Amino acid sequence: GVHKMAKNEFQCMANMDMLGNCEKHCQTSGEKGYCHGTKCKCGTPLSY
């Protein structure tokens with residue numbers, strides 16, 4: 001909802017956000033990381 005929270009966008013490669021400050025914080029929780037520079041979040045891989 002409030003922010004892009006999936007593997008589809010930024011891909012830890014965007015030319016001003018690729019240095020995502022959460023490089024272990026996701027895998028240490030078992031969930032997947034998203035790189036928005038300092039606005040770096042993780043998230044569950046989800047199911048349907």
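These residue numbers are counts, starting from 1, taken along the chain as shown.
If you're wondering, the header gives solution NMR.
The backbone N, Cα and C atoms fix where each Cβ goes, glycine too.
Residues or ranges marked as disulfide bond by Swiss-Prot: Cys12-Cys35 (among others). In three-state terms derived from DSSP, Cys35 (disulfide bond) belongs to neither a helical nor a strand segment and is classed as coil.
Taken residue by residue with DSSP, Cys22 (disulfide bond) is part of neither helix nor strand, so it is coil. Other C-beta atoms found within 10 angstroms of the C-beta of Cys22 (disulfide bond) number 17, with every protein chain shown included. Taken from Swiss-Prot, the feature disulfide bond applies to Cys22-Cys40 (among others), supported by a large-scale study or a structure entry.
Counting only same-chain residues at least 6 apart in sequence, those with a Cβ under 8 Å from the Cβ of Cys26 (disulfide bond) are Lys32, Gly33, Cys42, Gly43. The disulfide bond annotation in Swiss-Prot covers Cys26-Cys42 (among others).
When Cβ-Cβ distances below 8 Å are used as the criterion, the domain 'BetaSPN-type CS-alpha/beta' (9-48) is approached by residues 3 of the same chain, each at least six residues removed from its ends. The annotation domain 'BetaSPN-type CS-alpha/beta' is assigned in Swiss-Prot to 9-48.
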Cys22 (disulfide bond) and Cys12 (disulfide bond), Cα-Cα, nearest whole angstrom: 11
Separation of alpha carbons, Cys35 (disulfide bond) and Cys22 (disulfide bond) (Å): 8
